[PDB]
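What follows is a single structure, written as structure tokens, with notes after it.
The numbers here are math on the coordinates, done by the rules we state, and not lab data. Positions of Cβ are generated from backbone atoms using ideal geometry, with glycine treated the same way; all protein chains shown enter the neighbour counts.
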Amino acid sequence: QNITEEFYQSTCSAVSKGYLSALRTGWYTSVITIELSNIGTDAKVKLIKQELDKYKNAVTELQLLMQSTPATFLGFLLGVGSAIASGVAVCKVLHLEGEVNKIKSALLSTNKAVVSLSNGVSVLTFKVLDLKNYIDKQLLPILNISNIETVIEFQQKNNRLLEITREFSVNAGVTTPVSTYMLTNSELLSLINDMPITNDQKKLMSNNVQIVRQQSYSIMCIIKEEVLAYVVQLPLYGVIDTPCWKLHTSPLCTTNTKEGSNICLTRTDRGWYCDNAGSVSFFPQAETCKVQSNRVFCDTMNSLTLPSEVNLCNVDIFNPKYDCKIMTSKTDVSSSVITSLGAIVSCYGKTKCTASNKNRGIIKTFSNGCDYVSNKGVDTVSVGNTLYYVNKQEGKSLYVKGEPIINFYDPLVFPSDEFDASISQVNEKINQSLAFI
Amino acid sequence: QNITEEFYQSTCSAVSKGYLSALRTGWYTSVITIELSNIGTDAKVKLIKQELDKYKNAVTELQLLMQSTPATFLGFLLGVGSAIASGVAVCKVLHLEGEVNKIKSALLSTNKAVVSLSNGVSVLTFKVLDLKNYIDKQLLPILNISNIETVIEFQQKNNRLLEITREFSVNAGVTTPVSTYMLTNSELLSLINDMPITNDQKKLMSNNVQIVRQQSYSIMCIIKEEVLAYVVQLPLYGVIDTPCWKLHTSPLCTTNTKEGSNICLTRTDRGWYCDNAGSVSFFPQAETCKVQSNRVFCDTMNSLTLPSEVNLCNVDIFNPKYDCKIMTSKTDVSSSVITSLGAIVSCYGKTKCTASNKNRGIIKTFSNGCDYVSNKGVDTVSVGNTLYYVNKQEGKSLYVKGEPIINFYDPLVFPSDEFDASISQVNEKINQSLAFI
Amino acid sequence: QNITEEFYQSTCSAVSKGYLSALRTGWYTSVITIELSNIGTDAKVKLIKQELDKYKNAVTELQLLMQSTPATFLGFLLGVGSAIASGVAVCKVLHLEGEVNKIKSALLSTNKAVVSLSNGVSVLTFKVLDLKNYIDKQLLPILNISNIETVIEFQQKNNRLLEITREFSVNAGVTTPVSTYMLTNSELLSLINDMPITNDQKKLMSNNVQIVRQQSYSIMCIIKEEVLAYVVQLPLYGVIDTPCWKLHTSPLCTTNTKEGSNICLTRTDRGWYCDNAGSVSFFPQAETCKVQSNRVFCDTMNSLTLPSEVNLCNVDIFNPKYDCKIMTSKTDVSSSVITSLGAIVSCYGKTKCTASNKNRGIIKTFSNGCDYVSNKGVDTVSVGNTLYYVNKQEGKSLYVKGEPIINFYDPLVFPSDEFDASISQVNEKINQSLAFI
Ligand SMILES: O=c1n(Cc2nc3nc(Cl)ccc3n2CCCC(F)(F)F)c2cnccc2n1C1CC1
Ligand SMILES: *[C@@H]1O[C@H](CO[C@@H]2O[C@@H](C)[C@@H](O)[C@@H](O)[C@@H]2O)[C@@H](O)[C@H](O)[C@H]1NC(C)=O
Ligand SMILES: *[C@@H]1O[C@H](CO[C@@H]2O[C@@H](C)[C@@H](O)[C@@H](O)[C@@H]2O)[C@@H](O)[C@H](O)[C@H]1NC(C)=O
Ligand SMILES: *[C@@H]1O[C@H](CO[C@@H]2O[C@@H](C)[C@@H](O)[C@@H](O)[C@@H]2O)[C@@H](O)[C@H](O)[C@H]1NC(C)=O
Ligand SMILES: [Cl-]
Ligand SMILES: [Cl-]
Ligand SMILES: [Cl-]
């Protein structure tokens, strides 16, 4: 869509809007299964027995791995979830008596089946590999007369089990993202199609398979009665196509000559924001979200739920309805923030700060303060010894002029070195130390 | 074992106990080796020469990689170690004159051998792959008459070297966890059995191979005199089966109507705790520890060693023997902490906070404040737009009633925005600003 | 070279010097290409058709993956770049009309070619795999008469495409480090040789291929007109062979008997420092830099550019030219920092702190305070329940005696719990609270 951006000279911040949400709100747990086989020398046979040893070792390795129950600025404000708690709950259910054999018979004549579990969970079940049938029908007649083509074919069919076992071996039975060995592209797509979700969610997931993989978990579960089972925990996107915007912030300092006499302020509420259920889902670690064109994929486990009035901080940081969060300091170091459609430059001290085009070099020299340049005609920005490439996605930027709010503060009573602060908190500290003077 | 949990309404925190320790306290270094070979066209031979090129390229790649010496709330309180310093020391010893050939002759007639190094280190040595013998006896007669079965067999035997070389290529010669290509499951188990440790440590490591892999390092060391050698650094668990407990904390705020008039406090001493040598090993980043049933695997490199009196903060946060660490703020945002056996809910402002069961939906609505619900009969908790699944492991929870200690503070003199603080420090700041008023 | 180290008893810090810089300052973007093929049963043929299905699935998988534009103490002071912004810009250029076919014809008769793009970018282009030619000439005659040797050969040639597709599938089309499947060791070396850089940079990159891989990105770009193209973003080292030094800091506390009466101070400016263009590039997260012998590889994106006067803080922390950054607290916990050539020990309270040799055990017991021991004759240091191995690289340490500056502060007016502070800031807070007393 149309991505747009606004820079607020008054608060050294920029908002990128036009994005659409895809928030993981829940989990769908499926049970993926591989059916196992209970079981002089020719050259072609010696390799078959070598591959068969790799197969038993993989089985006993996975059995040995399952002796234990499976487990695994404003970010510090986040709660603490247990991401695979739902999959582990389902996996705990697979250990009950004859619960495994319910699945075994469900998939006797199909590869995809839905099974109600004894506690009422309605899971999709998938037999992705019948090694039982291959080994019993093609390999067992030889062991109880070899060609080279079955050796090739066995290695191919056994390779998937060996790779699944490798992933679980270096990841303590819990992997993310979910590899194509756990679930092939076609398997996952068909799993998505049979999922109980909207046509909207099916289209979204099918068109973003790579993101679904990254937000999914594979939990090695049980080996019992010739059945290898691991739970695949898939994301549920209960919030879709709501407006999202990214808030970029950078430090705003006074620019006095006498070094150390300068005071700084930085909006700490940077990150992603998406409208969600009458509130705003705020993701302080914008690293958690994944952007595909204009679609933002986030996990609500790494969000706060804030009043929508938090959006007022962008137009009016002194608004009376929400207490905008800032941090203060006297550390006027130079840096840049690359935004969606431009660049914020916090230039202080003796630092060289410029913006350049690929064919003509420097086109703007910044002066001390916080400033901004859009990515039209600009390819790179330099702050000191650091070169930043700007994003070259298209979209209009708007420079909103306004006086830097740091000018409104008397440095002699300014409370520096406050991190978890806000506009009101800084006011009340000022008007206390003012009371003594 | 029996995991139990206690929630302290007074301080918005919960302790999970019943766990048993397995703390990595040291390192065991082994030297793993692969013996190398110094060395019209038929179809079967062209593939043999293609595989042989892959083998030389892997050798020269590993030689090119070794031109350099190998290298690689309260977390900020931690020291700073050098994790592979012991392996690198051993690897430095392998570069001495004829030191490589000591190993070469030790493993002439065995694959597992113990070798005393020239500085006195007593290392286990392992020849996991004799490519020398394979190439010289099966491949060299052909090059200096091809069947397809050796082409298959050569690719299999060479694959391990190619995979080891890949891992070292994308990891600058130092890998963790240690893959099954570095050390197969059977190789590691037998390596563990020949280790100089207790039957307790051998059983523990053999039953938790996947955890040993994650706490181990593979350090590519030397290629010299037809010997490829890399050091595998294995964990030593010098602390085993001592009591451990997990401390979960969440913010505790007043719940006044007038927004911004509320003060908050959070216990910052959350993480894992294990009794250890008359003190308490405290792991502030509980992400560092790995839980297998009731066994907690931690690394003492990411611990502080604290007086055992730190445990008093759970029963009496005002105790006179240890100065319990808290942080203060006015940031009353809502969130939840999922514990071992329940959930802490810090619910403030206008946030919807509930606890639900899978079959009947909402069963508890939280009111403003810090509260808790056990995982019996509860499957999920919701705070705002965030759904948390609770862990469904069994164990008894105890709700310990008590007045939230935040009520004991006058907001007008409460020192907010203190992170590295404590009960005594907040008292002494209060009684200073009180002195002026 | 000669690594040396100095410990400053007065400020509980140590500097390691003698290192040489290799700073990534820029990016070189190359376009790697793979030429694709538009396309009863014998046993040997059934496997060929199985491998051919793996090939189509890989193609449609990569097409499905590209529906979206590709994307991906003092660290908080850093700016925020967009690391693959330059590669994505080039990739955006490959989507223009007939721009793909410019590359297609450039590499018609060569595998390495330089192509000027329509916006003026001069990129190197590389055809690493002609699957088009293999499938059309060897496989198509069979499908439109099988031996086992082509089945083997096809699987080998198709394996690279399958592995590239796997990496892009679990990494949303953007990978780092760049694997040997993206770019083999010989391909990368030859790519480096044809790069437009100095003989100095070519030697440096060729001798540190593993570091180049870790600082590189592979960006899946386009599949169009039988051409698979992904951009490889290689580092440009515009700063080479300038002096670097590592600053290690640890907490400095008073050591009074009465617990809680102690005040602490820690230099927060720890990390790597390299001379760069008349300033100093400061890398606060020393984890970002990679050390190969005496060569330090860093990324200027994770640096601040500071006045070179920052170096004065090591000899004179009260110097009048630069305001040295410290943090304050009353949290006198014990810990150690392992340096390049020794160990800093911050020992407080009741903690056992010692230094040991492998053959003789304890050789030094530290007393309360901040102290240091060089790695000559010392193999391990113990602080509480934590054993640290010291680095055993050779080089001389110098112990610079001086009174711990924490003694210069009256605890009754000492401002504790200041994180983003400095020497001057602590002075001005003291002389304010002093004014009231
Ligand atoms: O380390 C922390 N501190 C010390 C501190 N105090 C500061 N003061 C100023 Cl002016 C500027 C930065 C400051 N920091 C560091 C910034 C932290 C971050 F990197 F996550 F952003 C915290 C202060 N309050 C709340 C949470 C805090 N955490 C986080 C959880 C460990
Ligand atoms: C609370 O304080 C506010 C601070 O604004 C200005 O900034 C500080 C750093 C000093 O310059 C201070 O003297 C200035 O006034 C005031 O604007 C505000 O009016 C005060 N509110 C009340 C109710 O007194
Ligand atoms: C030190 O201060 C303590 C603070 O307790 C209470 O909380 C603060 C926020 C205010 O309400 C304060 O007025 C209250 O007293 C005291 O409880 C304690 O007794 C004081 N100690 C001494 C020795 O004065
Ligand atoms: C500013 O304050 C400095 C502080 O030095 C000492 O440390 C503190 C904790 C107290 O002990 C204080 O009384 C001490 O003086 C002074 O050294 C410095 O001279 C002061 N500067 C001015 C201009 O007053
Ligand atoms: Cl960049
Ligand atoms: Cl969850
Ligand atoms: Cl160590």
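Below are the figures for this structure:
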read-out	value
Ranking of C:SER336, C:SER10 by count of other Cβ atoms within 10 Å, fewest first	C:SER10, C:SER336
Trypsin sites (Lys or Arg not before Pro) within region A:297-338, DSSP loop, no more than 15 other Cβ atoms inside 10 Å	A:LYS321
Whole-Hz couplings from phi, Karplus 6.51/-1.76/1.60, listed for region C:305-312; x for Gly and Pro	9, 10, x, 5, 4, 4, 5, 5
Long-range HN-HN contacts of C:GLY26 with modeled amide H, under 5 Å	C:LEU236, C:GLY238
Region B:145-262: relative contact order as a whole-number percent, Cα under 8 Å and 6+ apart	20
Charged-residue dipole, Cβ positions (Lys, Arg, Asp, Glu), the protein assembly as shown about Cα centre, Debye nearest 20	1760
Sparse-neighbour loop sites [trypsin sites (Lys or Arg not before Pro); region C:335-437; at most 10 other C-beta within 10 Å; DSSP]	C:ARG360, C:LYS401
Region A:24-93: C-alpha gyration tensor shape, a/c 1.5 cut-off, then a/b vs b/c	prolate
Rel. contact order, % - alpha carbon contacts under 8 angstrom, at least six apart, region A:79-130	26
Semi-axes of the equivalent ellipsoid for the protein assembly as shown, Cα gyration tensor, largest first, Å	49, 35, 35
Cα-based convex hull, region B:212-345, per residue volume (Å³, whole number)	161
Value of D in µm² per second that Stokes-Einstein yields for region C:279-437, Kirkwood Rh from Cα pairs, at 37 °C (0.692 mPa s)	179
Per-residue average of Cβ from other chains inside 10 Å of C:370-381	1
Using θ = phi - 60° and Karplus 6.51 cos²θ - 1.76 cosθ + 1.60, couplings along region C:22-34 (whole Hz; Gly, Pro as x)	8, 9, 5, 10, x, 9, 10, 9, 10, 10, 8, 10, 10
Exam field: B:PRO141 pseudo-label spacings to other copies (7 Å along Cα-Cβ), nanometres	3.3, 3.3
Spatial separation of Cα centroids for region B:124-142 and region A:313-376, in angstrom	62
Rounded if a/c under 1.5, otherwise prolate or oblate - region A:26-148, Cα gyration tensor axes	prolate
Exposure proxy ranking, count of Cβ atoms within 10 Å, fewest first, for B:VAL413, B:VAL337	B:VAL413, B:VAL337
Projected area averaged over orientations for region C:23-239, convex hull of C-alpha atoms, nm²	14.6
Region A:217-282: translational diffusion in µm²/s, Stokes-Einstein, Kirkwood Rh over Cα pairs, 37 °C, 0.692 mPa s	190
Cut-off under 5 Å, modelled amide H: who pairs with C:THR242 long-range	C:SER21
Chain A, rotation onto C, residue closest to that axis via Cβ, with its distance in Å	A:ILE148, 3
Across the identical copies, how the A:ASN407 labels are spaced - nm, sorted shortest first, 7 Å along Cα→Cβ	5.0, 5.0
Reciprocal of mean inverse Cα separation for chain B (Kirkwood radius, Å)	25.7
10 Å Cβ neighbours from other chains, averaged over peptide A:326-338	5
C-alpha center-to-center spacing [region B:195-214, region C:160-189] in angstrom	35
Residue-wise HN-Hα coupling along region B:324-331, computed from phi with Karplus coefficients 6.51, -1.76, 1.60 (Hz; x: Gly, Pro)	5, 8, 9, 10, 10, 6, 10, 8
Amide H within-cut-off set for C:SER13, under 5 Å, with H built and near neighbours excluded	C:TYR8
Average beta carbon contacts from partner chains per residue of A:300-307, 10 Å cutoff	6
GluC sites (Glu not before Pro) restricted to DSSP loop in region B:371-437 with at most 12 other C-beta within 10 Å	B:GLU394
Proximal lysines relative to B:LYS376, as straight alpha-carbon distance under 16 Å, when same-chain residues fewer than 8 apart are discounted	A:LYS92, B:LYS358, B:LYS364, B:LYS392, B:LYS396
